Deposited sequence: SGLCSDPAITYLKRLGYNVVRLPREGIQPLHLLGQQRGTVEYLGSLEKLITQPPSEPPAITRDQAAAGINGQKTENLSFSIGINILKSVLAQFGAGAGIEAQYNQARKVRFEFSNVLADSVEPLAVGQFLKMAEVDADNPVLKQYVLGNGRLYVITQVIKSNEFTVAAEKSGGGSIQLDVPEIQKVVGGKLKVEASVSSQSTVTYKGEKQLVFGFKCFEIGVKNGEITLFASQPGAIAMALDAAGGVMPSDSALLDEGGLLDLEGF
């Protein structure tokens, strides 16, 4: 935990998204998160709990444009903060190491979102699927979370992109000349590196994978005698709240960026 305040994070959390410290390809709707003693662990597929489905599963709608998130920018980040983000995002795209050496003149870097897509299930359909399941009485997820000391959440929506844009500045805001051919040689062929038509120092990195950088989830528990999906903040079942609002999804790291274990 800790405080990481940024306009881009604030916007995404207001939409209801957890924002992860480390964007990752493997984060999916209908996957489970286990929370115990602070730490959130990525558990994997909902079928670890629902070993025999009661019905067709909630359909996943894929690749919906998120035009409100597109164009969102972070603050102008001090190098120590911004370069660790750039390094780790490029690593997750499979880039070769060494991007920091190409940005050694940068005092500040700012990120811009583009090409953001959402994959989603309908939370109320997940809630129906959960409450109608016949879970085995000895199922390990049931016993450790639903009837145990952990807290379980199910992911209902992810936001992802295969690209991002970095603007860089020198001290005082001075323009910087970046060696784009060298940057390309550093990250390798799995990335396409291109400067902006209007700014030599603004560079877009495009990979071959979609990295999830935010997700919505809802807590699983027991109410009305059944396994229940809850609105966040009496504990209220999601299907009793009146629609599903941005504020109903659970934010697991309210102050900052969410760490995920299990990868």
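Positions of the deposited sequence absent from the coordinates form one stretch: 234 to 236.
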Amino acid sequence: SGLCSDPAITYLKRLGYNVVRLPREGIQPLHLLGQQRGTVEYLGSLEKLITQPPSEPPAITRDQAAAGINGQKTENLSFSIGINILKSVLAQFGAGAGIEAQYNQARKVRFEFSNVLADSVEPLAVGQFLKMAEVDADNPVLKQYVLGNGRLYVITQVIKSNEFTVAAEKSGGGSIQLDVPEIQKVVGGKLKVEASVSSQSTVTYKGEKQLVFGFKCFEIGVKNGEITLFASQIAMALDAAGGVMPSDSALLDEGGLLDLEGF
From here on, numbers count along this sequence of modelled residues.
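Set 223 to 231 against 190 to 198 and average the Cα temperature factors; 190 to 198 ends up higher. Here the stretch with the larger average CA B-factor, out of 161 to 169 and 99 to 107, is 99 to 107. Between the residues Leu142, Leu117, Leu130, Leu178, it is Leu178 that shows the highest Cα B-factor in the PDB record.
Per the PDB record, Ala66 has a higher Cα B-factor than any other of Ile50, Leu30, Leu211, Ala66. Sort the chain's modelled residues by C-alpha temperature factor and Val20 lands in the lowest third, per the entry.
Among all modelled residues in its chain, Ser78 ranks in the middle third by Cα B-factor.
The deposited CA B-factor of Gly26 belongs to the highest third of values across its chain. The entry lists a Cα temperature factor for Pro7 that places it in the lowest third of the chain's modelled residues. The entry lists a Cα temperature factor for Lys216 that places it in the lowest third of the chain's modelled residues.
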